[PDB]
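Novice: An experimental structure, sequence included, is below.
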Amino acid sequence: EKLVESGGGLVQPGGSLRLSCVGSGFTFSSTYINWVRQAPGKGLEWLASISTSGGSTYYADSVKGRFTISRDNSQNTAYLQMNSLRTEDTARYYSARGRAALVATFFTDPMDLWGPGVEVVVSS
Amino acid sequence: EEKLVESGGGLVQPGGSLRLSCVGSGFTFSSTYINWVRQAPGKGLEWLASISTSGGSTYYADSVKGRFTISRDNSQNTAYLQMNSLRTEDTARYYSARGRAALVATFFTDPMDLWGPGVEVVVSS
Amino acid sequence: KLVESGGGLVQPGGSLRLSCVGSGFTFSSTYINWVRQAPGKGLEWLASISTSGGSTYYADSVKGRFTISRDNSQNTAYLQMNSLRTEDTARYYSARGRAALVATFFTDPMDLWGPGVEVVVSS
Amino acid sequence: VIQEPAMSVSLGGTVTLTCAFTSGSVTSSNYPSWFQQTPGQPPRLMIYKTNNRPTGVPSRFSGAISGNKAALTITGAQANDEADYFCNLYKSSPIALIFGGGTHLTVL
Amino acid sequence: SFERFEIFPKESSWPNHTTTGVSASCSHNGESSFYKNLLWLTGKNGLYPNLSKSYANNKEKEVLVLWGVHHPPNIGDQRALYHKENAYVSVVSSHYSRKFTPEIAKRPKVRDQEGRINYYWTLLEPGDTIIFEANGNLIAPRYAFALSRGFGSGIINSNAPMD
Amino acid sequence: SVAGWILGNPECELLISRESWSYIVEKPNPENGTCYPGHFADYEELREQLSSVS
Amino acid sequence: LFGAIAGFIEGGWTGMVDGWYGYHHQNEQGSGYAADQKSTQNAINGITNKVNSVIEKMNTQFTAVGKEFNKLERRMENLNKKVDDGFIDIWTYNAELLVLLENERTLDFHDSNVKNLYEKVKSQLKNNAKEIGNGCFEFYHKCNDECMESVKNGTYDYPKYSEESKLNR
Amino acid sequence: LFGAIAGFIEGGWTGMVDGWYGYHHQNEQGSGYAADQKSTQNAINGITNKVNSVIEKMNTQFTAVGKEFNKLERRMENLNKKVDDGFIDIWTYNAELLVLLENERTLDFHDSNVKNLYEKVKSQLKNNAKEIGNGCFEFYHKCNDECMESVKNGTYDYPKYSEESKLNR
Amino acid sequence: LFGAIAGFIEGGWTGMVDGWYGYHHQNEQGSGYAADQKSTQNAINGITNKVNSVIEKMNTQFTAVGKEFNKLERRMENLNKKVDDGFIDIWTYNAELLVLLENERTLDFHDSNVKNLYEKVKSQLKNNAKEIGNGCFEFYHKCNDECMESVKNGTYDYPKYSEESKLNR
């Protein structure tokens, strides 16, 4: 079981960036995928989530309207499209799977498997 | 090639008896209601009688109640209408209609989708 | 059929153990009942045991002194008699309960009876 | 969601962390989940649904609802328990998952 | 278990027969060769002596023995190879007994050959023997296989990558 | 064995002759079969056909 | 299983020849039988789907069952007989048990449909009609044909007849 | 499934040893356990029919499974093994799943029986009885052994005790 | 079958994202969606057991289906074909019918769970709450978050709120 995040790096303020999340060792089409960021010195902040088939998407108020979450089950990858980035978005972005039971998957599944994370820097 | 064929009509005297036969081909005869309708020479249609698939339930109109008896022979794929005490008002053309029966249910109110050419019955001296 | 054995003469205050053996039917699918009949008196129900032996019932007369057990492997039911009195001199029968294939109850009729065993308590 | 900024416990002692709402009550319907993080390693799930321990979690980590506030209890704290602990609460009125501020545990 | 072992050593056995039978159909590189597990016996010094060679199974496992019988296209080839014109091959065992007679017939050219070689096989139980007796038209065994069957399986007809 | 019984093994004659049977009881690895060594052609077919006789 | 077909409703109606489930009303303008088209049609669709699932799910390929073996091939004939007998036994057991279980389930389904119809009519008319027991409700107010048709359709107006029923309750 | 066996009636009665379903009553003349003969007998008949349908529907013909093949005929042995193993697999799967589903349906049947009996007693005592939960009814009138027997049988007399119940309610 | 999922509760709640069944409450302190953890967990356990029973019950031994026969052996080719085709037909029919029937069974299980939850909450609030249909219950007394959690847990104090409800009834 493994989640690896890609993308990220230096982005000018107001730019765009796409973060990938490839899962291996487990069936990717049977769990929720969550995105959490940790600012350099501050706590964790939940950002977005996506259903198994991608029908249901949830976002936090801080990034509602700017961030779009997508999923590609065939390629075993989940995406986080970042738009209109500000300097306050500089954080390490983790991806978290939800512990899903065999018969049901819910939005409140615990985030058991995380990733090493990718550092996103928004500066001029 | 679903069709119904009526037979057994002709010229009879008042007070006589006559039996009509309705033979059906192209469909399972033991799965549909069978109705009888007559039309006078120049008047409208008149529902006469109906019989269930197994022959257990039989229905008649008020005008022919007690004189007309409708039977059914599923083995020979034929349905009968025995008319007794014939009168001059019974001179009409007699049709046989089957009800559109679902695979799982047959009811008295099934629509009469398949009709027969009809047979002519004349009651006179 | 049912065949009882294990009786005889016992001094008052002694101990006795009766045993009934069933043949020709499944012994684990029926209740087993014990009754006794005094020489000049009528029948008296004593104890009953369930098919698996979990449930056990007694009469107020012999409650606390008699213990009824089961051994389904050996097709045998036991009735242990403790602190025997002179009033316990009787013929002891074993009666099976007519049980349905799907349900066995305490109120099953006693359709099969054994020949009986004579027990004498005297000195 | 408010957590205590920092608290300390001694070796072999018992400490009880706390997670609470600003203007409400924490119940089992909020599904509190606790996470342990050592900077800058990824967060590690510790307790979920207030009483469930994932495989590999030491048995000394227990949770419960201690009133209007969620509680995580560590019985016999070891040297490797010195980390930052976060509490995820589920709110249904906006349909969101809210992380706590974080508490720094210092094993003395 | 599998074990390819020389049932009849080429050098030791067949001292009165030539063991250099080679055909252009079984061509390795550009030169003509033959099967690696069979030996083609042709008469030496203008005559084909009778042969009687036997093997005993001491491997405590079943032994797969393969051989063949040569069928020349015309009587001239049979006379020029085995010297007789009515040869006989006999293979015997405690549970396998069969006598072969060469058939001289003209068949369509397959791999530039008109005659045919019919291939036969048998399984020898532990502690069993096999006797080969012939005066011509014998493709003698050279390497036998000692095997032990494990459950049941089959052959997959595919060209997929193997990993 | 079936081979010894049907061939008339000299040391396997104590068996009482019977007119019909429903099946055959045989021992694993029988001792007295074919006293003279040889091969029994179509043996399994014979055992199959001799399993029950009217 | 739901106590409707043989529970608080003892028997059926021979005068209701237009459906499986329905109503019988009695008021000043007259009395008669009717059928609930929605429930009857849903039941018909379900039963038709079940019957077609039983029938059309059996797809058979071309095959010949008879084989011929000479008198020296007896193990062959015995193996063929074993195959045929095993298949026949499996199919017989499966068909019989399947028919029995669906025969249970269809009757349970009809019980559920009748009970659900009763419960729907019960919910609409609350304290505006008393329960006379065996499947009927006695209105506390004058119920004309339009009101009855509203009850059958599902658009009963409780506030309209609330006060009149209260005065008579 | 019907919320009676583990629903509003949490536990069973160990002292009611004469049936599956029954009644417990408490009045001045005494208290005791009794079983409903009708419901218990119908349940016994149904379960016996189900068990017999499972058991006696397996009709098997005389056959011998064993077959012997020589060394030169393995395709024969492998085909025989395939046939036997396939039959064993089919029968094992079918038997196991049948037992599971039939156990579920039997438990649902018992739940439905208890729920229907409770509903029958509820319908008999319209408002002369108060429901305490736990499946139990408190009468608003004195209920002697004859009245309890009438409730058990199904011949309860509501108008006789209606006035007394109204006074006490 | 129980008339709850598509019966008196017309549609589902897309805002309850944490349970199959649950509650929607509205008072002065606010409104929100919550799920009954006990019923949802019991349903999850049951469905997991069902799926594992269907899946893990299939134990298959090592075997090879392919077999090769020459042109002089056609009765064996056809016998092998018959065996394979019969096994495929049996397994296909059984799998299709099994899935079809247990789909019904699972849907009825969910319907029964919802209906039982509704009945439990009705039993708790005897006459302190008024039914409006739609699965909802209007309170005759002021109800705060503590009382809502009491109803959800199953510890509603009816005697505490009886006087106020009677006054407002």
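Specialist: Okay, I see it. Numbers count the residues shown, from 1 in each chain, chains lettered A, B, ... in the order given.
Novice: And the residue most central in space within chain A, how far from residue A:15?
Specialist: Taking C-alpha atoms, centre = their mean, the centroid of chain A lies closest to residue A:35, which sits 2.8 Å from it. For residue A:35, the distance to residue A:15 equals 18 Å [C-beta to C-beta, to the nearest Å]. Where you see a C-beta, it was placed from the backbone N, CA and C, and this is true even at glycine.
Novice: now swap in residue F:51 and tell me
Specialist: 87 Å.
Novice: Comparing those two, which shows the higher neighbour count?
Specialist: Using other C-beta atoms under 10 Å in any protein chain shown, the more surrounded residue of residue F:51 and residue A:15 is residue F:51, with 16 against 12.
Novice: Next up, identify which helix or strand that one is on.
Specialist: Assigned by DSSP states H and E, residue F:51 falls within no helix or strand.
Novice: Could you do residue G:107 as well?
Specialist: Going by DSSP H and E, residue G:107 is in helix G:74-124.
Novice: now the helix or strand just after that helix: how far from the chain's centre is it?
Specialist: Going down the chain from helix G:74-124, the next helix or strand is strand G:129-131, by DSSP H and E. Its chain's C-alpha centre and that of strand G:129-131 lie 25 Å apart, by C-alpha atoms, centre = their mean, to the nearest Å.
Novice: Need the residues that contact stretch G:116-125.
Specialist: The contact list for stretch G:116-125 (C-beta atoms under 8 Å, 6 or more residues apart in numbering or on different chains) reads G:4, G:21, G:23, G:36, G:39, G:131, G:135, G:137, G:139, G:151, G:154, G:156, G:158, I:3, I:7-8, I:133.
Novice: OK, contacts around the residue in chain A positioned nearest to chain B?
Specialist: Here chain A gets closest to chain B at one residue, residue A:103, 33.5 Å apart by C-beta to the nearest C-beta. By C-beta under 8 Å, 6+ apart, residue A:103 lies in contact with I:44, I:47, I:48, I:51.
Novice: can you list the residues you listed in CSV and add neighbour count, distance to chain E and secondary structure?
Specialist: Compiled in CSV, the contacts of residue A:103 are given as follows (neighbours: other C-beta atoms under 10 Å in any protein chain shown; distance: C-beta to the nearest C-beta, whole Å; DSSP: H, G, I helix; E, B strand; the rest coil):
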residue, neighbour count, distance to chain E, secondary structure
I:44, 17, 38, helix
I:47, 18, 37, helix
I:48, 14, 34, helix
I:51, 14, 32, helix
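Novice: Redo those residues as JSON lines? Include distance to residue A:116.
Specialist: Shown next, in JSON lines, are the contacts of residue A:103 (distance: C-beta to C-beta, whole Å):
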{"residue": "I:44", "distance to residue A:116": "32"}
{"residue": "I:47", "distance to residue A:116": "35"}
{"residue": "I:48", "distance to residue A:116": "32"}
{"residue": "I:51", "distance to residue A:116": "34"}
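Novice: ok, the nearest residue to residue F:47 once chain neighbours are set aside - contacts?
Specialist: Nearest residue to residue F:47, sequence neighbours excluded (C-beta to C-beta, 6 or more residues apart in numbering or on different chains): residue F:2, at 5.0 Å. Going by C-beta under 8 Å, 6+ apart, residue F:2 touches F:24, F:26, F:43, F:46, F:47, F:50.
Novice: Identify those among these that sit within strands.
Specialist: Among the contacts of residue F:2, no member is found in strands (DSSP state E).
Novice: ok, so of those residues, who is nearest chain E?
Specialist: Taking C-beta to the nearest C-beta as the measure, chain E lies nearest residue F:43 of those, at 10.6 Å.
Novice: I'd like the distance between the closest one and residue G:93.
Specialist: Distance from residue F:43 to residue G:93, counting by C-beta to C-beta: 37 Å.
Novice: got the residue ranges for the helices in chain D?
Specialist: Taking DSSP state H as the criterion, chain D carries no helices.
Novice: hmm, back to that, once you drop chain neighbours, what's closest to the residue nearest to the centre of chain A?
Specialist: Spatial nearest neighbour of residue A:35, excluding adjacent residues (C-beta to C-beta, 6+ apart): residue A:47 at 4.3 Å.
Novice: which residues are in contact with the helix or strand hosting the one you found?
Specialist: Take DSSP H and E as the rule and residue A:47 turns out to sit in strand A:44-50. Strand A:44-50 is contacted by residues A:32-39, A:56-60, A:62-63, A:67, A:69-71, A:78, A:80, A:91, A:93, A:107, D:35, D:37, D:43, D:86, D:88, D:96-99, D:102 when judged by C-beta under 8 Å, 6+ apart.
Novice: Let me know the next secondary structure element after it.
Specialist: Immediately after strand A:44-50, counting by DSSP H and E, sits strand A:57-59.
Novice: buried ones in that following strand?
Specialist: Residues A:58, A:59 are the ones in strand A:57-59 that count as buried (16 or more other C-beta atoms under 10 Å in any protein chain shown).
Novice: so does that strand get close to chain D?
Specialist: Yes - under the criterion of C-beta under 8 Å from any C-beta of the partner chain, chain D is reached by strand A:57-59 at residue A:58.
Novice: so what's the closest residue to chain H within chain F up against?
Specialist: Nearest residue of chain F to chain H: residue F:44, at 4.8 Å (C-beta to the nearest C-beta). Shown in contact with residue F:44 (C-beta under 8 Å, 6+ apart): G:75, H:68, H:69, H:70.
Novice: center of chain G, which residue is that?
Specialist: What sits nearest the mean C-alpha location of chain G, by C-alpha atoms, centre = their mean, is residue G:110, with 2.6 Å.
Novice: Quick check: that one vs chain F, distance?
Specialist: According to C-beta to the nearest C-beta, to the nearest Å, residue G:110 stands 51 Å off from chain F.
Novice: Can you tell me, leaving aside adjacent residues, what's nearest to that residue?
Specialist: Leaving aside its sequence neighbours, residue G:110 sits nearest to residue G:5 (C-beta to C-beta, 6+ apart; 6.3 Å).
Novice: Show me which residues of chain F are close to chain E?
Specialist: F:37, F:39.
Novice: separation between whichever residue of chain F sits closest to chain C and residue G:71?
Specialist: Distances between chain F and chain C by C-beta to the nearest C-beta are smallest at residue F:22, namely 26.4 Å. Applying C-beta to C-beta, the value for residue F:22 to residue G:71 is 21 Å.
Novice: And residue D:104, by the same measure?
Specialist: Separation of residue D:104 from residue G:71 (C-beta to C-beta): 93 Å.
Novice: One more: residue G:158?
Specialist: 86 Å.
Novice: now swap in residue F:51 and tell me
Specialist: Counting by C-beta to C-beta, the separation of residue F:51 from residue G:71 is 15 Å.
Novice: tell me the contacts of the residue of chain F closest to chain C?
Specialist: Contacts of residue F:22 by C-beta under 8 Å, 6+ apart are residue F:52.
Novice: which one of residue G:158 and residue G:71 has more residues nearby?
Specialist: Higher neighbour count among residue G:158 and residue G:71: residue G:158, with 12 against 8, using other C-beta under 10 Å.
Novice: which ones are touching that one?
Specialist: Contacts for residue G:158 were tallied using C-beta under 8 Å, 6+ apart; they are G:124, G:125, G:126, G:128.
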